[PDB]
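Read on for two forms of one protein chain; each stands alone as structure tokens, with the labels structure 1 and structure 2.
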Structure 1
């Protein structure tokens, strides 16, 4: 049930803001941060995240996900290897500073790598003329937009099981845009007319909260 966050960066403050309610352990060796963690409804564990014994202490085993952002990619990797000695199946989401290190984070055991500076650099080069790309990305991720991005799973025995993307006319029917469909660790963005849904597929969509509802019901049983 619980999520362990290893290290502290400006990212994890924004991260805890969205996990409020959910049970979170933050494991860091910077006491100055304990005050901030507690304020977020989270729990603080003073410790060295590159040390296996201190990961045990944050109870990494059986946690549903471990988020990892240390001060440098080199230490981020040291933490991951540490986590993998403990629990080799647990989901690890790591933050990468330099592009060059993305492959090594993945290699040490990261299931998903997020690169704020790559994202950020690409957005800045695309914002020279019109800043729409930047506006879109920063807006759909905000808890305050009329439009939001969601993942809706297609359940076993779904009305849509077997139906093609073209035949389902989901946009016309529910108001939701399908931006992609994903299954396991693969994502198909803007799927082709002839893609056939299967129970287990995750629909990645954008829509008003009511449109999302019309979609959830349009699927089921």
Structure 2
């Protein structure tokens, strides 16, 4: 079915729910004081040790749409992932890493996608000591979306750009949206060549103003 399991619970998992559908969601956590918070956010709760194979099963890891792992240490996170893989070799796994050196480990454990927020943060700290416009960008487009947002956008099964090359698409100058890359199953091509051409299903990874995104959305189908 369409359900999602979340292991552990923190401010990032709380944020993750703002964007998700509560019925859909099962939070698996060791500590009970988390139950009220999880329920208030409109998700289901499961009391269990998320490093225990039988408890991961209990929380419906098997048919799940995706599993999100964020435990209190990299040690527990890895271990959770090892567990999940024993239950389902092919379920999509998203996992938060703490220490840079364990990004690798989570990936050889089974994480399909890793996130290192404490490493991004730690580096934006050092680059920003004198000014750091990089930090401004991250904060104002990834975090707050105060003027511009980054977006994944599908070329529909309609047309307009079907078969058309990026050079002939001239998206930046037609839309106002910068293209960062094109996603086609399992690989993101960043800065795609003039000659690379589009098909229905491809995801465009862009940056633009809300009105610019509306132009882009319009100019891809019909």
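Between two forms, the rigid core is the largest collection of C-alphas that superpose within 1.5 Å. Residue numbers count along the first chain shown, from 1.
- After superposition on the rigid core, the single residue among 145, 89, 72, 112 whose C-alpha moves by 2 Å or more between the two structures is 145.
- Remark: with the core as the superposition reference, the CA shift of residue 134 between the two structures reaches 2 Å or more.
- After superposing the rigid core, the Cα of residue 175 is displaced by 2 Å or more between the two structures.
- Relative to the superposed core, residue 14 undergoes a C-alpha shift smaller than 2 Å between the two structures.
- Lined up on the core, residue 215 has its CA atom moved by 4.4 Å between the two structures.
- Core superposition places the Cα of residue 54 0.4 Å apart between the two structures.
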